file run-v6.cif (mmCIF, C-alpha atoms and all ligand atoms)
data_final
loop_
_atom_site.label_atom_id
_atom_site.label_comp_id
_atom_site.auth_asym_id
_atom_site.auth_seq_id
_atom_site.Cartn_x
_atom_site.Cartn_y
_atom_site.Cartn_z
CA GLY B 1 -1.19 -3.02 22.55
CA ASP B 2 0.01 0.45 21.50
CA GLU B 3 1.14 -0.48 17.95
CA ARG B 4 -1.40 1.55 16.00
CA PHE B 5 -1.12 4.63 18.24
CA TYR B 6 2.65 4.84 17.73
CA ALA B 7 2.50 3.85 14.06
CA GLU B 8 -0.25 6.25 12.97
CA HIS B 9 -0.03 9.15 15.44
CA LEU B 10 2.94 9.49 17.80
CA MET B 11 5.84 8.58 15.51
CA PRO B 12 4.53 10.62 12.53
CA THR B 13 3.95 13.59 14.84
CA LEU B 14 7.51 13.43 16.17
CA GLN B 15 8.90 13.07 12.65
CA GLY B 16 6.96 16.14 11.54
CA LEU B 17 8.16 18.11 14.57
CA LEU B 18 11.90 17.39 14.48
CA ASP B 19 14.66 16.83 11.98
CA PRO B 20 15.92 13.24 12.27
CA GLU B 21 19.17 13.99 14.13
CA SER B 22 17.27 16.04 16.73
CA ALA B 23 14.72 13.23 17.09
CA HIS B 24 17.58 10.75 17.45
CA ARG B 25 19.09 12.79 20.29
CA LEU B 26 15.72 13.08 22.03
CA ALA B 27 15.11 9.34 21.64
CA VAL B 28 18.42 8.43 23.29
CA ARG B 29 17.86 10.79 26.21
CA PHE B 30 14.28 9.61 26.75
CA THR B 31 15.36 5.96 26.62
CA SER B 32 18.20 6.64 29.07
CA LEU B 33 15.62 7.70 31.66
CA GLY B 34 13.79 4.37 31.32
CA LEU B 35 9.98 4.27 31.65
CA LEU B 36 8.14 0.96 31.19
CA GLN B 37 8.26 -12.71 29.36
CA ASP B 38 10.38 -14.13 26.54
CA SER B 39 9.48 -17.67 25.45
CA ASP B 40 12.08 -20.38 25.94
CA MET B 41 11.71 -20.95 22.18
CA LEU B 42 13.52 -17.66 21.55
CA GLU B 43 16.70 -18.49 23.49
CA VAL B 44 19.89 -18.87 21.44
CA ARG B 45 23.28 -19.98 22.74
CA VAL B 46 25.94 -18.55 20.41
CA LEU B 47 29.14 -16.48 20.51
CA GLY B 48 29.90 -18.09 23.87
CA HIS B 49 26.85 -16.49 25.53
CA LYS B 50 23.17 -17.00 26.21
CA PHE B 51 20.71 -14.72 24.40
CA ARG B 52 17.28 -14.62 26.05
CA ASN B 53 15.78 -13.54 22.74
CA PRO B 54 17.40 -13.04 19.32
CA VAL B 55 16.30 -9.43 18.63
CA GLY B 56 19.02 -6.87 19.27
CA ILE B 57 19.35 -3.13 18.73
CA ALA B 58 21.96 -2.49 16.04
CA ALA B 59 24.91 -0.14 16.39
CA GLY B 60 24.42 3.56 15.75
CA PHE B 61 21.39 4.23 17.95
CA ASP B 62 23.22 4.41 21.29
CA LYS B 63 26.56 5.47 19.85
CA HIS B 64 27.98 6.63 23.21
CA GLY B 65 26.63 4.10 25.74
CA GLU B 66 24.05 6.45 27.29
CA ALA B 67 20.87 4.35 27.13
CA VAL B 68 21.84 0.68 27.60
CA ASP B 69 19.52 -0.07 30.52
CA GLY B 70 16.55 1.59 28.84
CA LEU B 71 17.14 -0.46 25.71
CA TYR B 72 17.00 -3.70 27.70
CA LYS B 73 13.82 -2.39 29.34
CA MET B 74 12.38 -1.97 25.82
CA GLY B 75 12.76 -5.74 25.34
CA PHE B 76 15.93 -6.18 23.25
CA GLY B 77 17.68 -9.48 23.88
CA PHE B 78 21.06 -7.78 23.37
CA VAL B 79 22.36 -4.23 22.94
CA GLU B 80 25.19 -3.06 20.68
CA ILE B 81 26.61 0.39 21.46
CA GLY B 82 28.90 2.40 19.18
CA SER B 83 30.59 2.89 16.94
CA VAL B 84 33.09 4.30 19.49
CA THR B 85 36.34 5.94 18.28
CA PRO B 86 39.49 6.17 20.45
CA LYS B 87 39.52 9.98 20.60
CA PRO B 88 36.34 12.09 20.59
CA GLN B 89 35.41 13.35 17.15
CA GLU B 90 32.61 15.46 15.71
CA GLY B 91 31.69 13.43 12.62
CA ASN B 92 30.54 14.87 9.32
CA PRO B 93 28.91 18.30 8.94
CA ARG B 94 25.17 18.68 9.36
CA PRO B 95 22.72 17.97 7.94
CA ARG B 96 23.78 14.33 7.96
CA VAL B 97 20.59 12.30 8.57
CA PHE B 98 17.71 12.15 6.09
CA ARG B 99 14.29 10.51 6.34
CA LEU B 100 12.63 8.68 3.41
CA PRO B 101 9.17 8.22 4.92
CA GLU B 102 7.49 6.73 1.85
CA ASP B 103 10.22 4.05 1.71
CA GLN B 104 10.30 3.40 5.49
CA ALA B 105 13.99 4.22 5.12
CA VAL B 106 16.74 6.52 6.38
CA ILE B 107 19.98 7.77 4.82
CA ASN B 108 22.80 8.78 7.13
CA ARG B 109 26.34 10.09 6.87
CA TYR B 110 27.06 10.71 10.56
CA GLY B 111 30.76 10.03 10.01
CA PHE B 112 31.42 8.28 13.33
CA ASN B 113 30.56 11.08 15.72
CA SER B 114 31.79 9.75 19.03
CA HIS B 115 32.34 10.83 22.62
CA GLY B 116 35.49 8.66 22.55
CA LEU B 117 36.62 5.55 24.42
CA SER B 118 37.28 7.19 27.79
CA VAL B 119 33.85 8.81 28.18
CA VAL B 120 32.10 5.62 27.06
CA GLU B 121 34.29 3.47 29.34
CA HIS B 122 33.37 5.63 32.32
CA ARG B 123 29.66 5.23 31.52
CA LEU B 124 29.95 1.45 31.25
CA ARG B 125 32.07 1.23 34.41
CA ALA B 126 29.31 3.02 36.34
CA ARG B 127 26.89 0.18 35.53
CA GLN B 128 29.30 -2.76 35.33
CA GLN B 129 27.70 -4.74 38.16
CA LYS B 130 24.27 -4.27 36.59
CA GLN B 131 25.58 -5.51 33.24
CA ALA B 132 27.10 -8.57 34.91
CA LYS B 133 23.62 -9.45 36.17
CA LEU B 134 22.03 -8.76 32.78
CA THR B 135 24.60 -10.82 30.86
CA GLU B 136 24.23 -13.79 33.19
CA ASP B 137 20.44 -13.50 32.75
CA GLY B 138 20.85 -13.80 28.97
CA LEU B 139 21.07 -10.11 27.98
CA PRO B 140 24.56 -9.55 26.51
CA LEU B 141 26.25 -6.26 25.62
CA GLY B 142 28.13 -5.67 22.36
CA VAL B 143 30.51 -2.80 21.58
CA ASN B 144 31.19 -1.64 18.02
CA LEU B 145 34.72 -0.24 17.75
CA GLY B 146 35.57 2.50 15.25
CA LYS B 147 38.69 4.36 14.18
CA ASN B 148 39.41 8.07 14.16
CA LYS B 149 39.22 9.85 10.82
CA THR B 150 42.81 11.11 11.11
CA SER B 151 44.31 7.80 12.24
CA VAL B 152 47.09 6.47 10.02
CA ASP B 153 47.23 3.16 11.96
CA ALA B 154 43.73 1.65 11.83
CA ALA B 155 44.72 -1.57 13.61
CA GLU B 156 46.09 0.48 16.50
CA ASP B 157 42.73 2.27 16.90
CA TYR B 158 40.82 -1.02 17.02
CA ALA B 159 43.36 -2.54 19.41
CA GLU B 160 42.94 0.42 21.76
CA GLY B 161 39.19 -0.15 21.75
CA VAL B 162 39.79 -3.78 22.74
CA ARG B 163 42.03 -2.68 25.62
CA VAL B 164 39.62 -0.05 26.94
CA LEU B 165 36.19 -1.60 26.38
CA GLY B 166 37.00 -5.30 26.03
CA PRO B 167 36.80 -5.81 29.81
CA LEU B 168 33.19 -4.55 29.72
CA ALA B 169 31.86 -6.21 26.57
CA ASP B 170 30.39 -9.61 25.79
CA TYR B 171 31.30 -9.12 22.14
CA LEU B 172 33.30 -6.60 20.09
CA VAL B 173 32.65 -5.60 16.46
CA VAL B 174 35.03 -4.26 13.79
CA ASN B 175 33.41 -2.84 10.62
CA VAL B 176 35.11 -3.78 7.34
CA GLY B 177 43.48 -6.05 0.40
CA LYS B 178 43.12 -9.50 1.91
CA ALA B 179 46.56 -9.45 3.55
CA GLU B 180 45.77 -6.03 5.04
CA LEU B 181 42.51 -7.34 6.51
CA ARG B 182 44.41 -10.33 7.91
CA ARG B 183 47.03 -8.16 9.63
CA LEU B 184 44.40 -5.88 11.16
CA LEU B 185 42.15 -8.67 12.46
CA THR B 186 45.17 -10.60 13.79
CA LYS B 187 46.07 -7.59 15.93
CA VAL B 188 42.51 -7.26 17.27
CA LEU B 189 42.36 -10.96 18.15
CA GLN B 190 45.76 -10.88 19.88
CA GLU B 191 44.61 -7.93 21.98
CA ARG B 192 41.39 -9.80 22.82
CA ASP B 193 43.33 -12.91 23.83
CA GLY B 194 45.52 -10.73 26.07
CA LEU B 195 42.63 -9.65 28.29
CA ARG B 196 42.60 -11.11 31.81
CA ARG B 197 38.96 -12.23 31.93
CA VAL B 198 37.21 -15.50 32.59
CA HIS B 199 34.69 -14.44 29.91
CA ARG B 200 36.75 -12.77 27.19
CA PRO B 201 34.50 -11.19 24.54
CA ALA B 202 33.72 -12.64 21.15
CA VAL B 203 35.06 -10.69 18.15
CA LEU B 204 32.83 -10.12 15.11
CA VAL B 205 33.34 -8.54 11.69
CA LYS B 206 30.54 -6.34 10.29
CA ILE B 207 30.26 -5.99 6.51
CA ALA B 208 28.28 -3.78 4.16
CA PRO B 209 26.26 -5.30 1.30
CA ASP B 210 28.39 -3.35 -1.19
CA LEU B 211 31.05 -5.96 -1.82
CA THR B 212 32.14 -7.83 -4.90
CA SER B 213 31.96 -11.63 -4.99
CA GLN B 214 35.74 -11.66 -4.55
CA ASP B 215 35.51 -9.34 -1.53
CA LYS B 216 33.01 -11.70 0.11
CA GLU B 217 35.13 -14.80 -0.57
CA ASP B 218 38.20 -12.98 0.78
CA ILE B 219 36.36 -11.96 3.97
CA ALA B 220 35.00 -15.48 4.49
CA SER B 221 38.49 -16.92 3.98
CA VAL B 222 40.14 -14.61 6.52
CA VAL B 223 37.35 -14.98 9.10
CA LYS B 224 37.72 -18.77 9.05
CA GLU B 225 41.53 -18.72 8.92
CA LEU B 226 41.87 -16.44 11.97
CA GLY B 227 39.01 -17.73 14.12
CA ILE B 228 36.81 -14.65 14.05
CA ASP B 229 33.79 -15.49 16.21
CA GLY B 230 30.99 -14.15 14.02
CA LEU B 231 29.79 -11.89 11.23
CA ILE B 232 27.28 -9.04 11.30
CA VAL B 233 25.48 -8.83 7.95
CA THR B 234 24.85 -6.03 7.02
CA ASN B 235 25.69 -2.37 7.49
CA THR B 236 23.88 0.27 5.39
CA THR B 237 24.15 0.44 1.59
CA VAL B 238 25.47 3.16 -0.69
CA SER B 239 23.29 1.67 -3.43
CA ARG B 240 19.84 3.08 -4.20
CA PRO B 241 17.40 0.31 -5.17
CA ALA B 242 15.00 0.96 -8.00
CA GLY B 243 11.69 2.48 -7.03
CA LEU B 244 12.66 4.57 -4.02
CA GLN B 245 10.04 7.30 -3.67
CA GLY B 246 11.45 9.56 -0.95
CA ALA B 247 12.41 13.06 -2.02
CA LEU B 248 15.81 12.82 -0.29
CA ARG B 249 16.85 9.54 -1.93
CA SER B 250 19.72 11.28 -3.76
CA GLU B 251 21.52 12.28 -0.55
CA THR B 252 24.90 10.60 -0.19
CA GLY B 253 25.26 8.16 2.67
CA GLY B 254 24.17 4.75 3.87
CA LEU B 255 20.58 3.66 3.26
CA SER B 256 18.84 1.62 5.96
CA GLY B 257 15.32 0.32 6.57
CA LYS B 258 12.92 -1.57 4.36
CA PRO B 259 14.80 -1.04 1.04
CA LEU B 260 17.81 -2.87 2.50
CA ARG B 261 15.80 -5.99 3.39
CA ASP B 262 16.50 -8.02 0.22
CA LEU B 263 20.15 -7.05 -0.21
CA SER B 264 20.97 -7.90 3.41
CA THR B 265 19.14 -11.24 3.31
CA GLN B 266 20.92 -12.13 0.05
CA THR B 267 24.26 -11.32 1.66
CA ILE B 268 23.43 -13.48 4.68
CA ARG B 269 22.71 -16.43 2.39
CA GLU B 270 26.01 -15.91 0.55
CA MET B 271 28.15 -15.52 3.65
CA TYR B 272 26.54 -18.55 5.31
CA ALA B 273 27.41 -20.61 2.22
CA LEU B 274 30.96 -19.19 1.95
CA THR B 275 31.71 -20.05 5.61
CA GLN B 276 30.06 -23.50 5.37
CA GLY B 277 27.77 -22.64 8.29
CA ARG B 278 30.79 -22.47 10.60
CA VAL B 279 30.51 -18.78 11.57
CA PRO B 280 27.49 -17.39 13.49
CA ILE B 281 25.81 -14.52 11.63
CA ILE B 282 23.85 -11.63 13.11
CA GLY B 283 21.40 -10.58 10.40
CA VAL B 284 20.64 -6.88 10.04
CA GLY B 285 18.90 -4.70 7.48
CA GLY B 286 15.24 -3.82 7.18
CA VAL B 287 13.89 -6.00 10.00
CA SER B 288 10.55 -4.55 11.06
CA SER B 289 8.46 -7.69 11.64
CA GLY B 290 8.73 -11.26 12.81
CA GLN B 291 8.53 -12.35 9.18
CA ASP B 292 11.61 -10.27 8.32
CA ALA B 293 13.49 -11.84 11.24
CA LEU B 294 12.44 -15.36 10.21
CA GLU B 295 13.62 -14.79 6.64
CA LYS B 296 17.06 -13.79 7.89
CA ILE B 297 17.22 -16.74 10.30
CA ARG B 298 16.24 -19.17 7.51
CA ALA B 299 18.96 -17.54 5.37
CA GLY B 300 21.56 -18.43 8.03
CA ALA B 301 21.39 -15.84 10.82
CA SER B 302 21.55 -16.96 14.46
CA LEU B 303 20.52 -13.52 15.78
CA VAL B 304 19.01 -10.39 14.24
CA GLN B 305 19.21 -6.68 14.92
CA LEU B 306 17.01 -3.76 14.00
CA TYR B 307 17.36 -0.01 14.09
CA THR B 308 15.43 1.91 11.42
CA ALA B 309 12.13 0.21 12.27
CA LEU B 310 12.27 1.77 15.75
CA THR B 311 12.10 5.22 14.15
CA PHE B 312 8.84 4.43 12.30
CA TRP B 313 7.02 2.07 14.67
CA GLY B 314 8.46 3.13 18.05
CA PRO B 315 9.25 0.95 21.09
CA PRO B 316 6.30 -1.39 20.39
CA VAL B 317 8.25 -2.80 17.43
CA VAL B 318 10.50 -4.84 19.75
CA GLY B 319 7.71 -6.90 21.31
CA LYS B 320 6.04 -7.07 17.89
CA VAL B 321 9.04 -8.66 16.18
CA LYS B 322 9.55 -11.05 19.11
CA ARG B 323 5.97 -12.26 19.40
CA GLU B 324 5.53 -12.49 15.63
CA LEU B 325 8.73 -14.51 15.30
CA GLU B 326 7.63 -16.87 18.09
CA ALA B 327 4.22 -17.36 16.45
CA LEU B 328 5.73 -18.04 13.03
CA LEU B 329 8.18 -20.58 14.46
CA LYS B 330 5.30 -22.36 16.22
CA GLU B 331 3.03 -22.19 13.16
CA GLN B 332 5.69 -23.88 11.02
CA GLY B 333 6.65 -26.61 13.47
CA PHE B 334 10.07 -25.36 14.55
CA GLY B 335 11.12 -26.22 18.08
CA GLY B 336 12.88 -22.89 18.49
CA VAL B 337 14.97 -20.26 16.76
CA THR B 338 17.93 -22.65 16.61
CA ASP B 339 16.05 -25.22 14.52
CA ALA B 340 15.28 -22.64 11.81
CA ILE B 341 18.83 -21.34 11.32
CA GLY B 342 19.85 -22.04 7.72
CA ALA B 343 16.59 -23.80 6.84
CA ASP B 344 16.70 -22.10 3.44
CA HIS B 345 19.97 -23.83 2.58
CA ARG B 346 18.45 -27.19 3.52
CA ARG B 347 15.58 -26.45 1.12
CA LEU B 348 18.05 -25.71 -1.68
CA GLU B 349 20.06 -28.86 -1.01
CA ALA B 350 16.87 -30.92 -1.19
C1 LIG U 1 21.35 6.74 11.79
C2 LIG U 1 22.17 5.48 11.74
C3 LIG U 1 23.41 5.43 12.38
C4 LIG U 1 24.19 4.27 12.33
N1 LIG U 1 25.43 4.24 12.96
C5 LIG U 1 26.17 3.07 12.93
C6 LIG U 1 27.40 2.97 13.57
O1 LIG U 1 27.86 3.89 14.23
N2 LIG U 1 28.12 1.79 13.49
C7 LIG U 1 27.64 0.71 12.79
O2 LIG U 1 28.30 -0.35 12.75
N3 LIG U 1 26.42 0.79 12.17
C8 LIG U 1 25.69 1.96 12.23
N4 LIG U 1 24.47 1.99 11.59
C9 LIG U 1 24.00 0.78 10.82
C10 LIG U 1 23.06 -0.13 11.61
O3 LIG U 1 23.81 -0.74 12.64
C11 LIG U 1 22.48 -1.23 10.72
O4 LIG U 1 23.55 -2.05 10.25
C12 LIG U 1 21.69 -0.72 9.51
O5 LIG U 1 21.03 0.50 9.82
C13 LIG U 1 20.70 -1.75 8.98
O6 LIG U 1 19.70 -1.99 9.95
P1 LIG U 1 18.23 -1.34 9.87
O7 LIG U 1 17.73 -1.40 8.45
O8 LIG U 1 17.41 -2.15 10.83
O9 LIG U 1 18.38 0.09 10.38
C14 LIG U 1 23.72 3.15 11.63
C15 LIG U 1 22.49 3.19 11.00
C16 LIG U 1 21.71 4.35 11.05
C17 LIG U 1 20.38 4.36 10.35
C1 LIG U 2 8.07 6.16 24.58
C2 LIG U 2 8.96 6.44 23.38
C3 LIG U 2 8.40 7.02 22.25
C4 LIG U 2 9.20 7.27 21.15
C5 LIG U 2 10.56 6.95 21.24
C6 LIG U 2 11.43 7.23 20.03
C7 LIG U 2 11.38 8.52 19.56
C8 LIG U 2 12.05 8.90 18.42
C9 LIG U 2 12.81 7.96 17.75
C10 LIG U 2 13.59 8.31 16.49
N1 LIG U 2 14.85 7.89 16.43
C11 LIG U 2 15.61 8.15 15.35
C12 LIG U 2 16.94 7.67 15.35
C13 LIG U 2 17.75 7.91 14.26
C14 LIG U 2 17.24 8.60 13.17
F1 LIG U 2 18.02 8.81 12.07
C15 LIG U 2 15.92 9.05 13.16
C16 LIG U 2 15.10 8.83 14.27
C17 LIG U 2 13.76 9.28 14.29
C18 LIG U 2 13.14 10.06 13.13
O1 LIG U 2 13.02 11.30 13.24
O2 LIG U 2 12.74 9.52 12.06
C19 LIG U 2 13.01 9.01 15.42
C20 LIG U 2 11.56 9.49 15.46
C21 LIG U 2 12.87 6.65 18.21
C22 LIG U 2 12.18 6.27 19.35
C23 LIG U 2 11.03 6.38 22.39
CL1 LIG U 2 12.76 5.98 22.40
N2 LIG U 2 10.25 6.14 23.42
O1 LIG U 3 28.56 6.98 11.76
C1 LIG U 3 28.21 6.66 10.60
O2 LIG U 3 28.18 7.49 9.64
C2 LIG U 3 27.83 5.24 10.23
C3 LIG U 3 28.62 4.19 10.58
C4 LIG U 3 28.24 2.96 10.16
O3 LIG U 3 28.89 1.99 10.43
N1 LIG U 3 27.14 2.82 9.44
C5 LIG U 3 26.38 3.87 9.10
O4 LIG U 3 25.39 3.71 8.44
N2 LIG U 3 26.74 5.10 9.50
#
call {"tool": "encode", "arguments": {"input": "run-v6.cif", "output": "structure tokens"}}
result
Amino acid sequence: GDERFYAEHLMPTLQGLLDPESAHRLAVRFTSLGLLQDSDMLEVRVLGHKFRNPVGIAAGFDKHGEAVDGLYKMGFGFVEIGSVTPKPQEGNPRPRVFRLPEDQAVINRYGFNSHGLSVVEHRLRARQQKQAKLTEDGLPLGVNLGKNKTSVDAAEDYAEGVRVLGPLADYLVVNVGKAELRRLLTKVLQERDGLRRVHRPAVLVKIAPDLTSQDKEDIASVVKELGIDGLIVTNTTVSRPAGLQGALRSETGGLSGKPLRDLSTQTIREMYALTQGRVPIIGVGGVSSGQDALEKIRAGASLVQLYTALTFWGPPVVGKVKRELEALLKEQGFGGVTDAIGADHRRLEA
């Protein structure tokens, strides 16, 4: 009911008042304080868990696990925190976040600023009973694991994240030659298998859209060989699509938001084909409407995430994507999200 107020007045006012990193910090703190029903059609069972709805908040908004409960209150069907590095680290120098308002886009080069595993673990331990309730009610928690800039043993950094935060997570994410990738992911999976849980977390690989065809075939091959549980497609892009209008489009960093929509959907289609539909995909990049979510589901995604759209449309975007997706599924005769997954590949086969 508040869509137009946030879209035309509140969010533009906040963006005019604050630089984007300051607004980001305010948004996390405000969400952490809290303040204010999903159709059965939107339920997805995947990654060994129930998802009450398929619209998650992507990594990088709540990097340090400070606002999880508020994000569920906002309506997200799942929350991914991180990236979290083993030791605290500052990230890149400021300024490091740039708004492209004409393009409904952001460029960032945060550089994995992180409070570190211990601080984040302590925050999640404080709410671990609450999360157990939320997970069993269909609201899972994901943790994106990073590595420290100065680490010479990347696999050791990811393994430490599994040891510290694996007991608290429903899924874990590692952002990504082929033999090196195999060795690293083998270590992560062995550490995951070593946890003493009834519900050990799924392990996912998150990829950028900036990969060669050989890179994508190599990743698909290793993911299937090792039994990785899913893919997150995609991270931000270092590319700059034609026609960007924002004055800051030349800043170095990853571009997110509406300009990433096509590249991410194309990459979802390709990875779904290269894994023969065997590997669940979380589709990410430029989702700001139910139509965007449906396009990624038809391309092969089982779940979607959004981030940049929250910065332009505000909290109302979560209910908007969910109710629009539901309506589009009903309009087009799908029984639920699950029936639409990969529908675009069935069209092409026909
Ligand atoms: C400011 C900002 C910070 C981000 N930080 C992370 C991060 O720490 N780890 C990660 O895996 N992705 C990070 N991302 C990428 C998002 O998770 C997502 O993949 C990307 O922004 C595409 O989604 P969107 O177009 O809906 O924003 C970040 C994105 C933005 C815009
Ligand atoms: C009730 C209510 C109202 C508004 C917000 C709310 C306020 C600000 C933002 C916000 N997050 C960002 C995160 C990363 C980033 F790179 C930029 C931003 C920006 C931006 O400056 O472009 C904004 C505005 C999001 C939600 C919340 Cl969380 N709750
Ligand atoms: O912290 C960051 O710079 C960052 C990490 C990441 O995975 N993606 C992104 O866009 N930024």
call {"tool": "residues_around", "arguments": {"input": "run-v6.cif", "residues": "residue B:77", "least_positions_apart": "6", "cutoff": "7 Å", "atoms": "only C-alpha atoms", "output": "PDB file with C-alpha atoms, keeping the file's coordinate frame"}}
result
ATOM      1  CA  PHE B  51      20.710 -14.720  24.400  1.00  0.00           C
ATOM      2  CA  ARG B  52      17.280 -14.620  26.050  1.00  0.00           C
ATOM      3  CA  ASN B  53      15.780 -13.540  22.740  1.00  0.00           C
ATOM      4  CA  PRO B  54      17.400 -13.040  19.320  1.00  0.00           C
ATOM      5  CA  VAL B  55      16.300  -9.430  18.630  1.00  0.00           C
ATOM      6  CA  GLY B  56      19.020  -6.870  19.270  1.00  0.00           C
ATOM      7  CA  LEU B 139      21.070 -10.110  27.980  1.00  0.00           C
TER       8      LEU B 139
END
call {"tool": "closest_residue", "arguments": {"input": "run-v6.cif", "among": "B:259, B:95, B:319, B:277", "to": "residue B:290", "atoms": "all atoms listed in the file"}}
result
B:319
call {"tool": "residues_around", "arguments": {"input": "run-v6.cif", "residues": "residue B:275", "least_positions_apart": "6", "cutoff": "10 Å", "atoms": "only C-alpha atoms", "output": "PyMOL selection string"}}
result
chain B and resi 217+219-221+223-224
call {"tool": "axis_aligned_box", "arguments": {"input": "run-v6.cif", "around": "ligand LIG 1 (chain U)", "padding_each_side": "6 Å", "output": "JSON"}}
result
{"center_x": 22.9, "center_y": 2.3, "center_z": 11.3, "size_x": 22.9, "size_y": 20.9, "size_z": 17.8}
call {"tool": "atom_distance", "arguments": {"input": "run-v6.cif", "atom1": "atom CA of residue B:20", "atom2": "atom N1 of ligand LIG 2 (chain U)"}}
result
6.9 Å
call {"tool": "build_atoms", "arguments": {"input": "run-v6.cif", "residues": "stretch 2-15 of chain B", "atoms": "N, CA, C and O atoms", "output": "mmCIF file, in the frame of the given file"}}
result
data_model
loop_
_atom_site.group_PDB
_atom_site.id
_atom_site.type_symbol
_atom_site.label_atom_id
_atom_site.label_comp_id
_atom_site.auth_asym_id
_atom_site.auth_seq_id
_atom_site.Cartn_x
_atom_site.Cartn_y
_atom_site.Cartn_z
ATOM 1 N N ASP B 2 -0.087 -0.940 21.940
ATOM 2 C CA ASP B 2 0.010 0.450 21.500
ATOM 3 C C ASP B 2 0.522 0.584 20.061
ATOM 4 O O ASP B 2 0.885 1.692 19.649
ATOM 5 N N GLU B 3 0.555 -0.510 19.293
ATOM 6 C CA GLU B 3 1.140 -0.480 17.950
ATOM 7 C C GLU B 3 0.555 0.630 17.089
ATOM 8 O O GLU B 3 1.281 1.467 16.540
ATOM 9 N N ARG B 4 -0.768 0.627 16.929
ATOM 10 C CA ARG B 4 -1.400 1.550 16.000
ATOM 11 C C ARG B 4 -1.250 3.005 16.449
ATOM 12 O O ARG B 4 -1.066 3.899 15.614
ATOM 13 N N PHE B 5 -1.307 3.264 17.758
ATOM 14 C CA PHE B 5 -1.120 4.630 18.240
ATOM 15 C C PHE B 5 0.254 5.173 17.854
ATOM 16 O O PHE B 5 0.369 6.305 17.369
ATOM 17 N N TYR B 6 1.313 4.394 18.099
ATOM 18 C CA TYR B 6 2.650 4.840 17.730
ATOM 19 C C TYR B 6 2.799 4.926 16.221
ATOM 20 O O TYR B 6 3.367 5.893 15.701
ATOM 21 N N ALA B 7 2.294 3.919 15.503
ATOM 22 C CA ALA B 7 2.500 3.850 14.060
ATOM 23 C C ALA B 7 1.783 4.981 13.332
ATOM 24 O O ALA B 7 2.338 5.570 12.398
ATOM 25 N N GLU B 8 0.554 5.303 13.735
ATOM 26 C CA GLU B 8 -0.250 6.250 12.970
ATOM 27 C C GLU B 8 -0.284 7.655 13.561
ATOM 28 O O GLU B 8 -0.682 8.589 12.855
ATOM 29 N N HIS B 9 0.130 7.840 14.814
ATOM 30 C CA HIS B 9 -0.030 9.150 15.440
ATOM 31 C C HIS B 9 1.261 9.666 16.069
ATOM 32 O O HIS B 9 1.753 10.728 15.677
ATOM 33 N N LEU B 10 1.818 8.942 17.038
ATOM 34 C CA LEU B 10 2.940 9.490 17.800
ATOM 35 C C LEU B 10 4.202 9.587 16.951
ATOM 36 O O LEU B 10 4.836 10.646 16.895
ATOM 37 N N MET B 11 4.599 8.498 16.281
ATOM 38 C CA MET B 11 5.840 8.580 15.510
ATOM 39 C C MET B 11 5.719 9.574 14.373
ATOM 40 O O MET B 11 6.641 10.386 14.187
ATOM 41 N N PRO B 12 4.643 9.581 13.576
ATOM 42 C CA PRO B 12 4.530 10.620 12.530
ATOM 43 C C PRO B 12 4.539 12.029 13.096
ATOM 44 O O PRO B 12 5.110 12.936 12.479
ATOM 45 N N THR B 13 3.937 12.247 14.263
ATOM 46 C CA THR B 13 3.950 13.590 14.840
ATOM 47 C C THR B 13 5.370 14.013 15.196
ATOM 48 O O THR B 13 5.781 15.145 14.910
ATOM 49 N N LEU B 14 6.132 13.113 15.822
ATOM 50 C CA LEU B 14 7.510 13.430 16.170
ATOM 51 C C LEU B 14 8.352 13.671 14.924
ATOM 52 O O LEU B 14 9.215 14.560 14.908
ATOM 53 N N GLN B 15 8.126 12.879 13.865
ATOM 54 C CA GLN B 15 8.900 13.070 12.650
ATOM 55 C C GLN B 15 8.566 14.389 11.974
ATOM 56 O O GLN B 15 9.448 15.013 11.374
#
